[PDB]
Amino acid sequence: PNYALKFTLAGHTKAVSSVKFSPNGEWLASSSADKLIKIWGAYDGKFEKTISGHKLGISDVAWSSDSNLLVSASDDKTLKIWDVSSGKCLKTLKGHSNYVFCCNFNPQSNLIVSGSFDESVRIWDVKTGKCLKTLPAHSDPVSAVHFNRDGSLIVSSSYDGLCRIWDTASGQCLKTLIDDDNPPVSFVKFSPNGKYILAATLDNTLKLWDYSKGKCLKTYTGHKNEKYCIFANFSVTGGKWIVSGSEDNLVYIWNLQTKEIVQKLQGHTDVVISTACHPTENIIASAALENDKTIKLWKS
């Protein structure tokens, strides 16, 4: 592809931790160590509004599938659910006993899943703000959580070096994925069609799993990732790419099928912690840590 820098989004006063496109494609939401959520135009990069309320820094944010709600995960041990158009905090989700690290809605958006440094995964009711399940998911901080395409499954990852797949409805562990070694797993998510999971590990490696057979199918390397929980992505609006941030301040793009690096995006001045792919255009958002503080929008 030919992604080129179109906009730089400045305004967070500390490290940006996470960026996400709304499912309707109109907006970008960003979370920061500065305790704020910011909302931006997805196409023009224009600053829209700031959403505030958390008492400590925020590590993750996610949209409901109707683009009306956001959920954020905080070091203050809570998640909050926000009505984006009014800026209202609808619910505060209490129950983790350490930093909340990651969060996501299910496609129906009646459930929220969260992962924490308390080594648990929790499943919450959106309408009532109540925790429906706690899963004893891992033996170290939970780095990522994600619903599959129809909400029936959750995948979690942890510093303990495991990916686990869970049944949403019952809370039972359906699968533990483990390879030749178990370096910390720093990120995991389902592929859009639901057949694979992509997992990143702190050994500078991304891995594509066929989780039904339980086998690693592809390996992506060349980037630097030994310390941070960096988001990765399936890019599926154009060519089929894998997109990831990197601790050498670059955005990496890989050919999904052949596994070669097909583009490296330069511009950030600190670790690229988060990338997101626009749901219908060939647009990538990337965000960086404390010495950069900016979000970049790239188009192919």
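Position 1 is the first residue in the sequence shown; the rest follow in order.
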Self-check item: Gap at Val84 across at least one third of the other PDB entries
Solution: no
Quiz item: Of the other entries that cover residues on both sides, do at least a third skip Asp179?
Solution: yes
Exercise. Quick one: say whether 96-104 or 190-198 has the higher mean Cα B-factor in the deposited entry.
Key: 190-198
Quiz item: Higher mean Cα B-factor in the deposited model: 174-182 or 109-117?
Solution: 174-182
Quiz item: Which third of the chain does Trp166 land in by C-alpha B-factor: lowest, middle or highest?
Solution: lowest
Quiz prompt | Among modelled residues of the same chain, the CA temperature factor third for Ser156 | solution = lowest
Self-check item: Among modelled residues of the same chain, the CA temperature factor third for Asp75
Solution: lowest
Exercise. Quick one: classify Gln257 as lowest, middle or highest third of the chain based on its Cα B-factor.
Key: highest
Self-check item: Chain third (lowest, middle, highest) by recorded CA B-factor, residue given as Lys35
Solution: middle
